[PDB]
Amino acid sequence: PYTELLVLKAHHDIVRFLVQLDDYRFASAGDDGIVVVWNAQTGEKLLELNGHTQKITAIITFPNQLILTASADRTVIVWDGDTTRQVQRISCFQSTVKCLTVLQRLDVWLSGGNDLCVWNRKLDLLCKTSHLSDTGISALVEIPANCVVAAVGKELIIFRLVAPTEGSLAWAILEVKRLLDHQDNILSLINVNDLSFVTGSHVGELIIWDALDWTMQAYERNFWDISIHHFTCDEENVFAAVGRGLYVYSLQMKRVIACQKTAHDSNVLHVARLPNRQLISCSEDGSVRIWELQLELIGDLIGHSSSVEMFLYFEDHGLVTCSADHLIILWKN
């Protein structure tokens, strides 16, 4: 259980994103276009970053550590963590940036909308696709050998990024493959352990891919048999929110191993495995449940009165949840 709880108040619209900054702080971001920095130990509100005029669509940290946010205002803003100063607003987009990702090795970060742009810390545009899609990149995930996988509707497009020769400043983006095996839009794209990545669609397709040669390994047209709303992964399992139920699929056995068909009174939104090996599920109605894997309901976390959009887990500071009810709740002990 988590007994004690703190209610952290600031947002005046749906809180969608939580992102850990360091060992004790995290940021939240909402449809109110506000970003807030919180102390996870004490629950103190540390900083507010105001500068977006519409909902935030993505937020990441760039390890001094920066915070980057994209918004339906068609900008990406880059924030200085310490001073809370706005380093730059980037507004050279004709469409909403939908995803942001860091390539650690190469020490760049990517924006994904109608096009893929490659950036460095100093905020130089190094390269960008032109007219990649009208659809928009819905997910970018790093895989080995400096490649990145982009979800574009039903398609996956794999790019390799090449740093310039010392002497030149010319980066290159090479398209290296397209995968066209989904009949439905790609909802989830996840790197499992740098050997596989997995994609899912809302209709219940699950595909496992080789992260090195980019070939199909396994395929399910409907891996659980109601739509799937979200997937996550550990080293060997996929945990899917499917209707009001949870399903656990083994990547090794290519089978559903565990199941709970009515885990909640409402659609399950998010389901994930914590480091400590417990499961957390989040629902439309506001309930959060903790499980141990048959699935045993350990904990019932009751407080939110509306969709729980995301959770964040600190080993030493407990559990954070955020909700369409404008609250963040920090659960402890």
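In this text, residue numbers run from 1 along the sequence as written.
Engineer: Please classify the unmodelled stretch of the deposited sequence between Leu293 and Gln294: none, 1 to 3, 4 to 9, or 10 or more residues.
Structural biologist: The entry has a gap there, with 4 to 9 residues left out between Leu293 and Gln294.
Engineer: Between residues given as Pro63 and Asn64, how many of the deposited sequence are not built: none, 1 to 3, 4 to 9, or 10 or more?
Structural biologist: 4 to 9 residues lack coordinates between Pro63 and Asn64.
Engineer: On mean Cα temperature factor in this entry, is 208-216 or 162-170 the higher one?
Structural biologist: 162-170 has the higher mean C-alpha B-factor.
Engineer: For the stretches 264-272 and 28-36, which has the higher mean C-alpha B-factor as given in the deposited record?
Structural biologist: The entry gives the higher C-alpha B-factor average to 264-272.
Engineer: Specify which of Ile143, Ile157, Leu251, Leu116 carries the largest Cα B factor in the deposited PDB entry.
Structural biologist: Comparing C-alpha B-factors across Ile143, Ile157, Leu251, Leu116, the top value belongs to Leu251.
Engineer: Comparing recorded Cα B-factors across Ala258, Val148, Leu110, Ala72, which one is largest?
Structural biologist: Each of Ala258, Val148, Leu110, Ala72 was compared by C-alpha B-factor; the highest is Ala258.
Engineer: Lowest, middle or highest third: which one holds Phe223 when the chain's residues are ordered by CA B-factor from the entry?
Structural biologist: Its C-alpha B-factor, which the entry lists for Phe223, ranks in the middle third among residues of this chain.
Engineer: Among the chain's modelled residues, which third holds the C-alpha B-factor of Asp22?
Structural biologist: Answer is middle: the recorded C-alpha B-factor places it there.
Engineer: Once the chain's modelled residues are ordered by C-alpha B factor and cut into thirds, is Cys282 in the lowest, middle or highest one?
Structural biologist: It belongs to the middle third of the chain when residues are ordered by C-alpha B-factor.
Engineer: Within this chain's modelled residues, let me know which third the CA B factor of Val198 belongs to: lowest, middle or highest.
Structural biologist: CA B-factor rank for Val198: lowest third.
Engineer: Of the three thirds of its chain by CA temperature factor, lowest, middle or highest, which one includes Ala240?
Structural biologist: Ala240: CA B-factor falls in the lowest third of its chain.
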